[PDB]
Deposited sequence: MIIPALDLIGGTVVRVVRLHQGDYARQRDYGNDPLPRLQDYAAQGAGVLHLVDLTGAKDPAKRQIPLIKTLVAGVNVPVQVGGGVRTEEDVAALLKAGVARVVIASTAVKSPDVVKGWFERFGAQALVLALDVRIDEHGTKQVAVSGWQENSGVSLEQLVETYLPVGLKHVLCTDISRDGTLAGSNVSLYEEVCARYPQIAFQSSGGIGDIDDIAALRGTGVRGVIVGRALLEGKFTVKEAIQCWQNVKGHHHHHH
C-alpha cells in the first residue's frame, strides 16, 4: 500500500516549513477517495509539547475519513497511547520512546496489542555499513542497530515497523531489501526519498509493505491514484 501522510502544527498542514493551508480534512478525504487504505499523521504540536496534543483535531480527522489512520508525535507515555486510541486512532506511532525505554514499550505491546502500534526508527548507514538507529536527524546515533532493536520487540509480537533513512544523499533500496528479507513476519513501511513516481516504482520488488508519501503529494508531483497504480503495477 501507499500511505499518504500529513504533518500538522496548530491545525496547519506543513511541509518539512512551508504553510500548505488549514484544510487538512478535505485533503485527507481526497486521499481516501482515491483509494488509500491507510493514512499517516504527525502531530508536530504534540511532539513539541505532549500537553498540547491536538486531540480535538485528530478526533475530527479520524471521524471524517473511512480508513485507519496511524498517528505519531510526542508519544512518551502509556497515557499518550491510550488517549490517541480513545480519540479513534487505529495505530499509534512510537518513535524515540521505542529506542529509549524498550522494556516499558514491550509492556505497551502487551497492553494494547501489536496491531495498535507502529515502531518508527530513523536509520543512518554508518562507515562500516551498519544500520544505526538514531532518535532524530539532528542527534547522534544511539548505539543500537536496526536489527538489534527489531529483535528486542519480536518476542512481544512486533508487526509494524516504519523505517526512515536519514543518511541518504538525494531521493530513492538495498536497505529495505535486506531488512524485509530478514524479518518476513514484519510489515515494513518506508518513509522519505519519494520525490517522483519513479521513486515508488523503485520500491516495488523490495518486500516493503507500505510506502509513506508526504511532500510529493503536497507539491503536486503525482496523485494518490497514480501512486497506487504504480505501486500495484
Tell me, which runs of residues in the deposited sequence have no coordinates at all?
-> 17-26, 183-186, 248-256
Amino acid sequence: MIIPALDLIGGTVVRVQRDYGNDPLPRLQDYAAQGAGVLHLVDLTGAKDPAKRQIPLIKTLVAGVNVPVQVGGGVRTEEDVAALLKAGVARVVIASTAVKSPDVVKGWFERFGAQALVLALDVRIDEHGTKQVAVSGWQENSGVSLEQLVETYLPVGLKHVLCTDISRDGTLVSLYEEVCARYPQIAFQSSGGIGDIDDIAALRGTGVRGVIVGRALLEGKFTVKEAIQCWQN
From here on, numbers count along this sequence of modelled residues.
Compare the mean C-alpha B-factor of 127-135 with that of 89-97 as given in the PDB entry, and name the stretch with the higher value.
-> 127-135
Residue stretch of maximal mean CA temperature factor, 28-36 vs 202-210 = 202-210
Name the residue from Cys180, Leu172, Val42, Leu61 with the greatest C-alpha temperature factor listed in the entry.
-> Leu172
According to the deposited entry, which of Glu151, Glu79, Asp103, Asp122 has the largest Cα B-factor?
-> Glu79
Would you check the entry's CA temperature factor for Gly193 and let me know if it's in the chain's lowest, middle or highest third?
-> highest
CA B-factor ranking of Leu217, expressed as a third of its chain | lowest
Comparing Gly46 with the other modelled residues of its chain, is its CA B-factor in the lowest, middle or highest third?
-> highest
Ranked C-alpha temperature factor of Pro68 among modelled chain residues, by third = lowest
